[PDB]
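Shown next, in structure tokens, is the structure this report addresses.
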Amino acid sequence: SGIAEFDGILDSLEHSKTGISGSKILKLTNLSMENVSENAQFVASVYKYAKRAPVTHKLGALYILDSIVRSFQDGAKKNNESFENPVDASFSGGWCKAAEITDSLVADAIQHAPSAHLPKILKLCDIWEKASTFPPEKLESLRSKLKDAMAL
């Protein structure tokens with residue numbers, strides 16, 4: 001459908017108690033896959049939501065990022081598109097842009113999220129490793145930062 005609907009769902013999630021919604025994650029993912037030429041708008045809207053969201057909501061924003069990045073990656077494989085040489089207006093472009101904001105969103109969640117949410121981000125690294133979503137060097141950096149943040 002569109003970016004206006006996507007931003008409207010993010011607005012509703014911002015006002016929710018937990019920021020975690022399986023139904024909203026699926027709706028947001030469909031809107032981004034139905035509008036791939038506008039992937040810069042959808043990726044930028046997730047970045048803006050994650051950064052402004054309450055501290056309790058950073059994990060839910062990472063679940064949105066997770067679903068969207070893996071869906072662009074699936075689309076790219078289907079269309080024989082490379083992550084190393086992405087088509088900006090197509091699935092590989094979206095996969096590349098979502099990768100570009102991942103470090104910032106994980107770092108922001110490390111700084112603000114309740115400590116209980118931090119092992120849940122380690123679980124995303126495992127999902128990404130299994131799906132080969134991000135290069136191992138990126139995943140090692142994220143894992144190291146999360147392990148450091150979990151204190152002891």
Cross-link pairs beyond the 23 Å C-alpha cut-off, checked among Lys78/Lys123; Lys48/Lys97; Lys17/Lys58: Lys78/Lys123
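Quote the FRET efficiency, to the nearest 0.05, computed for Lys138 versus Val55 with a Förster distance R0 of 25 Å and r equal to the Cβ-Cβ distance. All intermediate terms of the calculation are to be shown ahead of the outcome.
Details: r = 25 Å, r/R0 = 0.98.
It comes to 0.55.
Quick check for me: using +1 on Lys/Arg Cβ and -1 on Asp/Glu Cβ, what's the dipole size of the chain about its Cα centre, in debye to the nearest 20?
Details: 18 positive and 19 negative charges, 109 e Å.
My answer is approximately 520 debye.
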Size of the chain along its principal axes in angstrom, Cα-based, largest extent first? 45, 35, 20
Along region 76-90, what does the Karplus equation 6.51 cos²θ - 1.76 cosθ + 1.60 (θ = phi - 60°) give for ³J(HN,Hα), rounded to whole Hz, x for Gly and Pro? 5, 4, 4, 9, 6, 9, 9, 6, 5, 10, x, 8, 3, 8, 10
Which of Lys24, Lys17, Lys147 has the fewest other C-beta atoms within 10 Å, and how do the rest follow up to the most? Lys17, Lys147, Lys24
Counting other C-beta atoms within 10 Å, which of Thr18, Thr133 has the fewest, and how do the rest follow? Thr18, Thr133
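Give me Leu62, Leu139, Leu26 ranked fewest to most by other Cβ atoms within 10 Å of their Cβ, as a rough exposure proxy.
Values: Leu62 22, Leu139 18, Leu26 11.
If I rank by nearby Cβ atoms, fewest first, I get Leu26, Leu139, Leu62.
FYI the Cβ positions are ideal-geometry reconstructions off the backbone, even for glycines, and counts take in every protein chain you see. Only the coordinates and a few stated rules stand behind these numbers; no lab work does.
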